[PDB]
Amino acid sequence: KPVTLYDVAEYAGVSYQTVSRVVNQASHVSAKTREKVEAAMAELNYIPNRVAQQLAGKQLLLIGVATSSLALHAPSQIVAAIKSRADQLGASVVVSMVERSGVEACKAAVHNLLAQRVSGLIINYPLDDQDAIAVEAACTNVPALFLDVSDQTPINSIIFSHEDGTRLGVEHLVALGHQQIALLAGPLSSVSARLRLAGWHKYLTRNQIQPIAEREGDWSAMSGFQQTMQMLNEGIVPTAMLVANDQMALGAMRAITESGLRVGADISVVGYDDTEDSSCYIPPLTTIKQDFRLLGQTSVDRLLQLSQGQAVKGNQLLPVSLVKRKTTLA
Amino acid sequence: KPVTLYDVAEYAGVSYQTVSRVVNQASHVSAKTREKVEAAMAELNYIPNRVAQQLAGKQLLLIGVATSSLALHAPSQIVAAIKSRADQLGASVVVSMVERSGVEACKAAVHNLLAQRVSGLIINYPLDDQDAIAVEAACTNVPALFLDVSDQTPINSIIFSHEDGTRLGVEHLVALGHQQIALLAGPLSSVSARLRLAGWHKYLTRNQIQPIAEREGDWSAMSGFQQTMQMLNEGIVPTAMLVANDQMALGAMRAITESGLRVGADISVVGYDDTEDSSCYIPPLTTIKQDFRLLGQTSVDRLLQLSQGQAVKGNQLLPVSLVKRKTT
DNA sequence: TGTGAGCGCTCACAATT
DNA sequence: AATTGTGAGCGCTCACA
Ligand SMILES: O=[N+]([O-])c1ccccc1O[C@@H]1O[C@H](CO)[C@H](O)[C@H](O)[C@H]1O
Ligand SMILES: O=[N+]([O-])c1ccccc1O[C@@H]1O[C@H](CO)[C@H](O)[C@H](O)[C@H]1O
């Protein structure tokens, strides 16, 4: 037994709609009849049923999110900012976390987000061009925002400019004098992983450079260590490395270190993300800064824009920037 | 206007209650008329309004979570597993984040988590005893399970055994022949931080040892850094630290190293958490394994047991380990 | 395999002063 | 021209021609 709108009606000697009228801060209640209702809602701890209100047709803002596992670093900070900017403007956010692999798994997360009748979907799951389109199709009537697709994918999306990110990493190493460079890509299953790899290649090629090695991790610090050992042990030893995130950069550094040479001097490392923890690596990691707050922030503002039918369609690139630290010098 | 049950009624040639049995799979395998309704709903892509299902009274188990900012390590990881184990059981979960400081914030979080009509909530927010009680109260008719309160707090709680963690660490550093030990604790605002500090004090005393330094971090590596630097610049130079988490430990190590001394041999370190990244710190960091996935899994099971009446009231401690690494 | 309830609200607005 | 009370029904599930 929870407390109905009707209950406040009997205790306060008014109708139900006049409680609704007050709960909804609506015009026309004489201000002295308000006290009767305002006092009655206390003395009953009345919290109005939002399930009842949604159905009734209250225009609340409800943003759905289909997200990669919150255990990973970046999808987590994004949800947090998404969540934060919701409250900031009176929106609520239900988030279905895609855990299993592939297009069908993500579609179900879109399916039961649609169940709860969301005003629009933020899709932070990695989707290839066609599957992205497949999913955006499934968002029937509701606008959908994509955060882990390519800029070439012909839907709406926010991505950090991986072009800029890699340009900075490449043009740095290159200006520094490096030529034997190795690449440590993210897991190829991720779009963003692939884009950064692509990017490095473009700007290396534009500088007449070919990476001596190129291998793949899973974002994890351990992989980046394993991968930079599998490399160094084969005897391929670059003067610099481009890593696809700070955690794997960490791994590489460890491997580079345990291998008997010094980070920066003997092998420079450029990370990717600029995490909290990256300013306290040994030595403190040079990286490409991605403002996940800003992403989740805009990610919301846009979905709500799109929800209202504002002309803000397609792709937009967020800025990145190079954090110069101690892993590239002398 | 989206697809209604009243719209599958005069397209498949039946009623509303017939489509209701199809998606529910409740009692009868209603002939070859199922085939007709299957192809009917899938043609217009009908998705049963879960808001209408709920108001109606569908016995779907919906958990609420009031949680510290997911940007921090431990909380994210926990919801990560809370969201997972509930999914494993066919429970959905709505999380509500506390950013603002204090009790009134968490009270409000609980308030708008009740509107969504959860059938019990997991409170992963740091709460002093009387506030924890006041929060549990506001959870009208619904069971609360607290995750960032003390063992002594008289509500439902799962916490990791801070007693064991802090034993493990102290009892280990000491067996390595250490007497000049320092402490780096969590931001004192967090209960679990204080539980850890306390367990350290407890066991360091049981071993006739006074800590030569006590400094307060904020979970961040930067704080763990400058917090160890501002102590080493004072002149205090232990041979071991006990640190509240792997992350501040990280900054400690930076600080120790950048100063001019070998992490491990000159000043050993013990972190707390066993984060994925901890195994690749330079050198790999000794720490206390705190199985976040476990905690989030068990939380969800308990709130469930709690919701149905299965009487397992009170407090529950979870095991920890010492991953013996290379900073000792 | 159908019909007539009611869940807690918000919207029309018609009814009270 | 101030107010408030009263009539739908939003979508679905529950118990029984
Ligand atoms: O993959 N992304 O959609 C994405 C969006 C914003 C910033 C980075 C990028 O996320 C990437 O995520 C992976 C795990 O999913 C790792 O956390 C990696 O460190 C991060 O850069
Ligand atoms: O504070 N906790 O509720 C808690 C539960 C399980 C394990 C550790 C402990 O979490 C602690 O949380 C803080 C930030 O929330 C840091 O992430 C720290 O590393 C973690 O140990």
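Residues numbered from 1 in each chain as written, not as in the entry; some residues may be left out. Chains lettered and ligands numbered in written order. Heavy atoms only, no water.

In terms of determination method and resolution, the entry is listed under X-ray crystallography at 3.50 Å.

Under the PDB entry, the name given to chain B is Lactose operon repressor, and the source organism is Escherichia coli. Under Function, UniProt gives the following word-for-word description of chain B: "Repressor of the lactose operon. Binds allolactose as an inducer." The record held by UniProt for chain B lists under Subunit the comment "Homotetramer." (UniProt positions renumbered as here; feature names shortened; annotations may be inferred.)

If you look chain A up in the PDB entry, it shows as Lactose operon repressor from Escherichia coli. Of the comments in the UniProt record for chain A, the one headed Function reads "Repressor of the lactose operon. Binds allolactose as an inducer." According to the UniProt record, the Subunit comment for chain A reads "Homotetramer."

1. A few points about the state of the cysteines
In this structure the tally under the stated criterion is zero disulfides over all chains. Unpaired in this structure, A:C106 has its nearest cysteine sulfur neighbour in A:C139, at a distance of 8.6 Å. Residue classification places A:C106 among the buried residues on the basis of a relative accessible area of 0%. Considering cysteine sulfurs only, B:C280 is the nearest to A:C280, which forms no disulfide, with 17 Å between them. (Disulfide = S-S within 2.5 Å. Buried < 20%, exposed > 50% of the residue type's maximum accessible area, 1.4 Å probe, protein only.)

2. Describing the pattern of salt bridges
All names here are of chain A. Applying the stated criterion across every chain, the model contains 20 salt bridges over all chains. Residues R167 and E171 are paired through a salt bridge, measuring 2.8 Å at the closest nitrogen-oxygen approach. Of this pair, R167 and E171 both sit in helix α8 (residues 162–176), four residues apart, which is roughly one turn of that helix. Residue class for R167 comes out partly exposed when judged on its relative accessible area of 24%. We note a salt bridge from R325 to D274, for which the minimum N-O separation is 3.4 Å. (Salt bridge = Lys/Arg side-chain N within 4 Å of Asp/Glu carboxyl O. Helix = DSSP H or I, 4+ residues; strand = E, 2+ residues; numbered from the N terminus.)

3. So, the protein's contact with DNA strand C
Close to DNA strand C lie 27 residues; A:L5, A:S20, B:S15, B:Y16 and B:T33 are nearest. Among all atoms of DNA strand C positioned within 4 Å of the protein, those belonging to sugar or phosphate total 53%. Here a phosphate oxygen of DNA strand C sits 3.2 Å away from a polar atom, N or O, in the main chain of A:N49. Between B:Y16 and DNA strand C, the recorded distance is 2.6 Å, taken from a side-chain N or O atom to a base nitrogen. Looking at the surface near DNA strand C, the elements that each hand over two or more residues are α1 (5–12), α2 (16–23) and α4 (50–56) of chain A together with α2 (16–24) and α4 (50–56) of chain B. Residues of the surface near DNA strand C, tallied by class, amount to 13 nonpolar, eleven polar and three charged. (Near = heavy atom within 4 Å. Polar contact = N/O pair within 3.5 Å; in protein donor to acceptor, adjacent residues only side chain to side chain. Nonpolar A, V, L, I, M, F, W, Y, C, P; charged D, E, K, R; others polar.)

4. Details of the site of ligand 1
All names here are of chain A. Lining the immediate environment of ligand 1, one finds 17 residues, of which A74, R196, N245, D273 and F292 sit closest. Contacts to ligand 1 include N124, whose side-chain N or O atom sits 3.5 Å from an oxygen atom. Protein chains shield 93% of the accessible area of ligand 1, which is 440 Å² for the free molecule. Only α5 (73–88), α9 (191–205) and α12 (292–308) provide two or more residues apiece to the shell around ligand 1. Sort the elements by how many residues they give to the shell around ligand 1 and α5 lands first, with four residues. The residue inventory of the shell around ligand 1, partitioned by class, reads nine nonpolar, five polar and three charged. Counting contributing residues per domain, the shell around ligand 1 is built from domain 2 (60–159 + 292–317) and domain 3 (160–291 + 318–330), each supplying no fewer than three. (Areas by Shrake-Rupley, 256 points an atom, 1.4 Å probe, with all protein chains shown as cover. Domains from an automatic or database assignment.)

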